[PDB]
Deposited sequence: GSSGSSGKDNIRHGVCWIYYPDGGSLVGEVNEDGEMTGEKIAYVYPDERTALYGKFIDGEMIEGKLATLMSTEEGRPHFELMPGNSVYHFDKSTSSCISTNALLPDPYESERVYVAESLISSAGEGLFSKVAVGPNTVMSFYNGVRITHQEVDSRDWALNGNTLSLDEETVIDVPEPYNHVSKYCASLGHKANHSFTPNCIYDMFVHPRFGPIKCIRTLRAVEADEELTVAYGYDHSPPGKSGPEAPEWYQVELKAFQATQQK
C-alpha cells in the first residue's frame, strides 16, 4: 500500500584437484537438475547435462565460455559424446572401454616409449605449466591382499589408490585397442620424473589417481612418474634402481 514497490542462485563445488561441480541446487541443497555441469581442472572443458545429487547421469561434452557473477554460460561441443558416472568394480573396468576421456585426449597420446625396452609410453600434446592434470589412471578396484598375494607378472599395472583399494588395468586392457577410456597406466617409470600420481575425483570414473606435472613440460615430451616401490619390486625396476646412483 503506502510503501514503495518493485516488480536463482548458482553454486560451485571445487575439489582439491581443481575440477568442480556447478549449477543451481534443489530445495534440499543437492546438485540435482538437467543444467548441472562438471568442469575439468582447465576450467573450460565441461560435462553439462543431467545430474542427481552431484552424480553424473548424462553429461554432454561442453565448453565454459564465460562466467558472469558466478553464473556459468555453457556451450555444447559438437557431436554425440555423452558421459555418465561409471565407477569400475573388481571385474568391470568400464561400461564403455573405448570411449576416451575428452579432457585427456587434448593433452596426451600413446606412442613407443623413449626408454629402451619400456614398451609404450605416455606423451604430451601440449606445452603446459607445472601442476597440470594431464591424464587419468582408472582401472578395476581390487584389495591390497589380492594384489600383494599374487605374482609380480600380474602387478605391472597396479597402482595403490588408498588404504582399502588397488587400481589395476589387467589383460587385455593393457592394449589401447581394447581399453582407451583413460591412459594414466601408459606412463613409464623415471627416478627423475616430470609428473606425480595425485588424487582425483572424476565424474565418470569416481575417486581415482591422475598424472599431474611437477613442472613445465614441452609438447611431445614423454610423461614419466616415480612408481614408488618399497626398498619387493619387478626386476627391471630393481635393475634400473641400482643403475642410477652413478
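Residues 8 to 12, 237 to 244, 260 to 263 of the deposited sequence have no C-alpha coordinates in the structure.
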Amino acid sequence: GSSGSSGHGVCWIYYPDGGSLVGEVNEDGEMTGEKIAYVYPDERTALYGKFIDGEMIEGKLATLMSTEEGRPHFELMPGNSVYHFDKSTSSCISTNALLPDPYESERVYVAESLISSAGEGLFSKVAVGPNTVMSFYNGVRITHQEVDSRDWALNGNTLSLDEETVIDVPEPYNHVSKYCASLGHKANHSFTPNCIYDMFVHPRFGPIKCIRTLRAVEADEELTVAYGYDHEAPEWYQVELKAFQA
From here on, numbers count along this sequence of modelled residues.
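Take the two forms, superpose them, and find the largest set of C-alpha atoms that agree within 1.5 Å; that set is the rigid core.
Taken in 7 other deposited structures of this protein and fitted on the core, 145 to 153 and 127 to 135 differ in how far their Cα atoms move from the shown form, and the one that moves more is 145 to 153.
Core-fitted comparison in 7 other deposited structures of this protein shows that, between 66 to 74 and 35 to 43, the CA atoms farther from the shown form belong to 66 to 74. Figure legend: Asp17 is marked as modelled in all of the other comparable entries of the protein, none of which omit it, let alone a third. Modelled in this chain, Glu222 is likewise resolved in all the other entries of the protein that span it on both sides, not missing from even a third of them. Two stretches are in play, 120 to 128 and 145 to 153, and the higher mean C-alpha B-factor belongs to 145 to 153. Taking the PDB entry as given, 233 to 241 carries the higher mean Cα B factor of the two stretches 9 to 17 and 233 to 241.
Per the PDB record, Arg44 has a higher Cα B-factor than any other of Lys209, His202, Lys60, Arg44.
Per the PDB record, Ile52 has a higher Cα B-factor than any other of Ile52, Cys195, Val217, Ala37. Annotation for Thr158: C-alpha temperature factor in the middle third relative to the rest of the modelled chain, per the entry. Looking at the C-alpha B-factors along this chain, the one for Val25 belongs to the highest third. Among all modelled residues in this chain, the alpha-carbon of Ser190 has a temperature factor (C-alpha) in the middle third.
For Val82, the recorded CA temperature factor ranks within the middle third of the chain's modelled residues. Ranked against the other modelled residues of its chain, the C-alpha B-factor of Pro72 as given in the entry falls in the middle third.
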